[PDB]
Amino acid sequence: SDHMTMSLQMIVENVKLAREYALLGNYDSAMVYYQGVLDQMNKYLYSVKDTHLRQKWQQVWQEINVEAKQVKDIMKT
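Numbered per the authors' numbering, the sequence shown spans residues -5 to -1, 1 to 72.
So, in structure tokens, the structure goes:
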């Protein structure tokens, strides 16, 4: 538990961790993580005052939601 310079790094950073697990073989661990990042990400975009700022996250956020779904398939045999 550590807080850094006001940013979404602590959030998006989690994705990189979950993505690494999906590769090794632990997809279930990636799901719980992904679901969390997306949830924490939204809270940020909502706490924004600049449309151009949140507007960007809105796009990228979608990509993360998609990849998180694919993992469910690959992990399914």
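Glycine is no exception: its CB is placed at the ideal position from the N, C-alpha and C atoms.
Buried or exposed by the 16-neighbour rule on C-beta atoms within 10 Å, applied to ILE69
exposed
Please name the residue in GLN54, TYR41, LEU19, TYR29 whose C-alpha comes closest to that of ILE6.
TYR29
Quick check on the burial criterion: 16 or more other C-beta atoms within 10 angstroms. Buried or exposed for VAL66?
buried
Contact set for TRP56: own chain, Cβ-Cβ below 8 angstroms, skip 5 residues either direction:
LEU33, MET36, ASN37, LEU40
As a quick exercise: from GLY31, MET(-2), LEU48, pick the residue whose alpha carbon is nearest that of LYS11.
Checking every option, the nearest Cα to that of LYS11 belongs to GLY31.
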